[PDB]
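K.L.:
One structure, as structure tokens, below. Some questions next.
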Amino acid sequence: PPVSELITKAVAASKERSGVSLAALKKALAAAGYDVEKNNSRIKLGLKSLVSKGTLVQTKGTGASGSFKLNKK
DNA sequence: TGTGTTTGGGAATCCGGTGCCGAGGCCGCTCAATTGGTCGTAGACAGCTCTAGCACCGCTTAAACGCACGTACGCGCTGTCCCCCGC
């Protein structure tokens with residue numbers, strides 16, 4: 001399954017008012033059996049694609065270093 | 001949601017009493033500083049030599065300088081996780 005679903009599912013499972021950090025996303029995908037080490041660069045890209053698709057709102061920071069929430073709009 | 005002011009309350013500080021022990025003074029003594037004198041020599045001074053430090057010049061080339069260009073490291077920001085702190 002593509003990493004955009006795994007990320008969206010992790011952000012939905014940890015839904016809050018702040019927003020899953022990249023470190024929490026790493027932890028959730030690793031707990032989901034996804035190798036976050038080798039494919040970290042893929043994650044940053046896929047995450048960026050999800051922000052560029054507007055599917056994730058950046059709530060703090062800039063780019064992948066930030067916190068993110070599912071764009072309910 | 002955010003900026004700003006206020007109060008009980010522990011903790012450091014001030015003040016007065018007090019008492020106690022070491023610092024300051026006094027005395028008797030002694031031994032080390034002082035006086036005077038002799039004598040030896042350490043070094044102050046003159047004087048002489050020669051070396052090695054300074055100033056200069058010219059030439060070559062290697063290093064320093066300025067500049068272009070790119071990337072990688074420093075630094076700021078965010079997050080988390082845990083391990084020292086206060087009690």
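Numbering starts fresh at 1 for the residues of each chain in the structure tokens, the chains themselves are lettered A, B, ... in the order given, and ligands are numbered from 1 as they appear.
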I'd like the contact shell of segment 21-32 of chain A - 7 Å cut-off, only C-alpha atoms (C1' of nucleotides), skipping same-chain residues fewer than 3 positions apart - returned as a list in words.

P.N.:
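The residues satisfying every condition are residues 10, 35, 36, 64, 65, 66, 67 and 68 of chain A.
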
K.L.:
List the neighbours of residue 17 of chain A out to 12 Å using only C-alpha atoms (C1' of nucleotides); skip same-chain residues closer than 3 positions along the sequence, and give me the result as number ranges by chain.

P.N.:
A: 11-12, 14, 20, 57, 59-60, 67-70

K.L.:
Take the residues from that selection and write them out as a PDB file, in the first residue's frame, keeping N, CA, C and O atoms.

P.N.:
ATOM      1  N   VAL A  11      -2.332   9.681  10.848  1.00  0.00           N
ATOM      2  CA  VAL A  11      -2.820  10.987  11.293  1.00  0.00           C
ATOM      3  C   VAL A  11      -4.268  10.906  11.767  1.00  0.00           C
ATOM      4  O   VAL A  11      -4.670  11.631  12.686  1.00  0.00           O
ATOM      5  N   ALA A  12      -5.064  10.012  11.180  1.00  0.00           N
ATOM      6  CA  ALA A  12      -6.439   9.807  11.634  1.00  0.00           C
ATOM      7  C   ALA A  12      -6.505   9.075  12.969  1.00  0.00           C
ATOM      8  O   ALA A  12      -7.332   9.409  13.824  1.00  0.00           O
ATOM      9  N   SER A  14      -4.183   9.117  15.334  1.00  0.00           N
ATOM     10  CA  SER A  14      -3.671   9.982  16.388  1.00  0.00           C
ATOM     11  C   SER A  14      -4.295  11.375  16.365  1.00  0.00           C
ATOM     12  O   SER A  14      -3.715  12.307  16.934  1.00  0.00           O
ATOM     13  N   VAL A  20       0.070  15.404  14.792  1.00  0.00           N
ATOM     14  CA  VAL A  20       1.150  14.425  14.728  1.00  0.00           C
ATOM     15  C   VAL A  20       2.413  15.082  14.188  1.00  0.00           C
ATOM     16  O   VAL A  20       2.408  15.659  13.096  1.00  0.00           O
ATOM     17  N   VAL A  57      -2.811  19.890   6.520  1.00  0.00           N
ATOM     18  CA  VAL A  57      -2.488  21.248   6.941  1.00  0.00           C
ATOM     19  C   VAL A  57      -1.254  21.248   7.833  1.00  0.00           C
ATOM     20  O   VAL A  57      -1.195  20.517   8.833  1.00  0.00           O
ATOM     21  N   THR A  59       0.529  22.879  10.699  1.00  0.00           N
ATOM     22  CA  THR A  59       0.060  23.683  11.817  1.00  0.00           C
ATOM     23  C   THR A  59       1.184  24.403  12.546  1.00  0.00           C
ATOM     24  O   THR A  59       0.919  25.393  13.236  1.00  0.00           O
ATOM     25  N   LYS A  60       2.421  23.935  12.406  1.00  0.00           N
ATOM     26  CA  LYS A  60       3.581  24.590  12.990  1.00  0.00           C
ATOM     27  C   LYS A  60       4.812  24.159  12.213  1.00  0.00           C
ATOM     28  O   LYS A  60       4.789  23.167  11.482  1.00  0.00           O
ATOM     29  N   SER A  67       4.249  20.020  12.467  1.00  0.00           N
ATOM     30  CA  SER A  67       3.082  19.257  12.886  1.00  0.00           C
ATOM     31  C   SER A  67       2.004  19.347  11.811  1.00  0.00           C
ATOM     32  O   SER A  67       1.901  20.356  11.107  1.00  0.00           O
ATOM     33  N   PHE A  68       1.177  18.306  11.696  1.00  0.00           N
ATOM     34  CA  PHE A  68       0.264  18.222  10.566  1.00  0.00           C
ATOM     35  C   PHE A  68      -1.086  17.719  11.052  1.00  0.00           C
ATOM     36  O   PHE A  68      -1.164  16.922  11.989  1.00  0.00           O
ATOM     37  N   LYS A  69      -2.151  18.181  10.392  1.00  0.00           N
ATOM     38  CA  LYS A  69      -3.497  17.669  10.638  1.00  0.00           C
ATOM     39  C   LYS A  69      -4.237  17.379   9.340  1.00  0.00           C
ATOM     40  O   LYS A  69      -4.015  18.035   8.320  1.00  0.00           O
ATOM     41  N   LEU A  70      -5.118  16.381   9.388  1.00  0.00           N
ATOM     42  CA  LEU A  70      -5.975  16.068   8.249  1.00  0.00           C
ATOM     43  C   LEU A  70      -6.855  17.270   7.931  1.00  0.00           C
ATOM     44  O   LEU A  70      -7.576  17.764   8.804  1.00  0.00           O
TER      45      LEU A  70
END

K.L.:
As a ChimeraX atom specification, please: the residues near residue 49 of chain A (cut-off 12 Å, only C-alpha atoms (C1' of nucleotides), same-chain neighbours under 4 positions excluded).

P.N.:
/A:3-5,7-8,42-45,53-57,63-64

K.L.:
Would you write out those residues with N, CA and C atoms, as a PDB file, in the first residue's frame?

P.N.:
ATOM      1  N   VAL A   3       2.403   4.884   0.770  1.00  0.00           N
ATOM      2  CA  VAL A   3       2.718   5.598   2.008  1.00  0.00           C
ATOM      3  C   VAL A   3       1.751   6.736   2.316  1.00  0.00           C
ATOM      4  N   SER A   4       1.118   7.318   1.299  1.00  0.00           N
ATOM      5  CA  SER A   4       0.088   8.327   1.550  1.00  0.00           C
ATOM      6  C   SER A   4      -1.099   7.788   2.346  1.00  0.00           C
ATOM      7  N   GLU A   5      -1.524   6.551   2.091  1.00  0.00           N
ATOM      8  CA  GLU A   5      -2.565   5.979   2.942  1.00  0.00           C
ATOM      9  C   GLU A   5      -2.050   5.712   4.354  1.00  0.00           C
ATOM     10  N   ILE A   7       0.292   7.165   6.058  1.00  0.00           N
ATOM     11  CA  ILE A   7       0.363   8.466   6.726  1.00  0.00           C
ATOM     12  C   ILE A   7      -1.025   8.993   7.072  1.00  0.00           C
ATOM     13  N   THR A   8      -1.976   8.908   6.139  1.00  0.00           N
ATOM     14  CA  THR A   8      -3.309   9.434   6.416  1.00  0.00           C
ATOM     15  C   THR A   8      -3.972   8.664   7.553  1.00  0.00           C
ATOM     16  N   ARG A  42      11.465   8.825   1.192  1.00  0.00           N
ATOM     17  CA  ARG A  42      10.162   8.646   0.573  1.00  0.00           C
ATOM     18  C   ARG A  42       9.058   9.263   1.422  1.00  0.00           C
ATOM     19  N   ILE A  43       9.143   9.094   2.746  1.00  0.00           N
ATOM     20  CA  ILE A  43       8.142   9.677   3.636  1.00  0.00           C
ATOM     21  C   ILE A  43       8.120  11.190   3.501  1.00  0.00           C
ATOM     22  N   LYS A  44       9.287  11.825   3.602  1.00  0.00           N
ATOM     23  CA  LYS A  44       9.339  13.273   3.440  1.00  0.00           C
ATOM     24  C   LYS A  44       8.730  13.682   2.108  1.00  0.00           C
ATOM     25  N   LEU A  45       9.005  12.927   1.046  1.00  0.00           N
ATOM     26  CA  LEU A  45       8.396  13.261  -0.234  1.00  0.00           C
ATOM     27  C   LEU A  45       6.887  13.049  -0.194  1.00  0.00           C
ATOM     28  N   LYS A  53      -0.958  18.406  -2.007  1.00  0.00           N
ATOM     29  CA  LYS A  53      -2.349  18.108  -2.323  1.00  0.00           C
ATOM     30  C   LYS A  53      -3.340  18.805  -1.397  1.00  0.00           C
ATOM     31  N   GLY A  54      -2.868  19.494  -0.360  1.00  0.00           N
ATOM     32  CA  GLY A  54      -3.749  20.096   0.619  1.00  0.00           C
ATOM     33  C   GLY A  54      -4.436  19.121   1.547  1.00  0.00           C
ATOM     34  N   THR A  55      -4.128  17.828   1.439  1.00  0.00           N
ATOM     35  CA  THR A  55      -4.718  16.824   2.318  1.00  0.00           C
ATOM     36  C   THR A  55      -4.266  16.994   3.764  1.00  0.00           C
ATOM     37  N   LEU A  56      -3.047  17.484   3.988  1.00  0.00           N
ATOM     38  CA  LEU A  56      -2.562  17.803   5.325  1.00  0.00           C
ATOM     39  C   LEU A  56      -2.275  19.293   5.459  1.00  0.00           C
ATOM     40  N   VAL A  57      -2.811  19.890   6.520  1.00  0.00           N
ATOM     41  CA  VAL A  57      -2.488  21.248   6.941  1.00  0.00           C
ATOM     42  C   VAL A  57      -1.254  21.248   7.833  1.00  0.00           C
ATOM     43  N   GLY A  63       7.497  22.821   6.320  1.00  0.00           N
ATOM     44  CA  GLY A  63       7.755  21.525   5.733  1.00  0.00           C
ATOM     45  C   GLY A  63       7.654  20.350   6.697  1.00  0.00           C
ATOM     46  N   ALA A  64       8.345  19.272   6.314  1.00  0.00           N
ATOM     47  CA  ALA A  64       8.255  17.994   7.016  1.00  0.00           C
ATOM     48  C   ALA A  64       8.664  18.073   8.480  1.00  0.00           C
TER      49      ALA A  64
END

K.L.:
Counting only C-alpha atoms (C1' of nucleotides), which residues from chain B have an atom at most 9 Å from any atom of chain A, and could you show them as a ChimeraX atom specification?

P.N.:
/B:77-80

K.L.:
Taking the DSSP secondary structure from the backbone, can you list the residues of chain A that are alpha helix (DSSP H), as a PyMOL selection string?

P.N.:
chain A and resi 3-13+22-31+40-52

K.L.:
Just list the residues in chain A DSSP gives strand (DSSP E or B) on the backbone, as JSON, numbers by chain.

P.N.:
{"A": [20, 21, 56, 57, 58, 59, 60, 67, 68, 69, 70]}

K.L.:
Restricting the output to C-alpha atoms, write the selected residues as a PDB file, in the first residue's frame.

P.N.:
ATOM      1  CA  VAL A  20       1.150  14.425  14.728  1.00  0.00           C
ATOM      2  CA  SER A  21       4.815  15.390  14.472  1.00  0.00           C
ATOM      3  CA  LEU A  56      -2.562  17.803   5.325  1.00  0.00           C
ATOM      4  CA  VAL A  57      -2.488  21.248   6.941  1.00  0.00           C
ATOM      5  CA  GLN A  58       0.854  22.414   8.327  1.00  0.00           C
ATOM      6  CA  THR A  59       0.060  23.683  11.817  1.00  0.00           C
ATOM      7  CA  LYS A  60       3.581  24.590  12.990  1.00  0.00           C
ATOM      8  CA  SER A  67       3.082  19.257  12.886  1.00  0.00           C
ATOM      9  CA  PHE A  68       0.264  18.222  10.566  1.00  0.00           C
ATOM     10  CA  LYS A  69      -3.497  17.669  10.638  1.00  0.00           C
ATOM     11  CA  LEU A  70      -5.975  16.068   8.249  1.00  0.00           C
TER      12      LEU A  70
END

K.L.:
Could you please determine the separation between atom CA of residue 2 of chain A and atom CA of residue 47 of chain A in Å, to one decimal place?

P.N.:
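Rounded to one decimal, the two atoms are 11.6 Å apart.
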
K.L.:
Which residue, A:6, A:50, A:19, A:73, has the smallest gap to residue 34 of chain A when you use only C-alpha atoms?

P.N.:
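Among the listed residues, the smallest separation from residue 34 of chain A belongs to A:6.
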
K.L.:
What does the structure give for the distance between atom CA of residue 9 of chain A and atom CA of residue 72 of chain A, in Å to one decimal?

P.N.:
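Distance reported for this atom pair: 13.9 Å.
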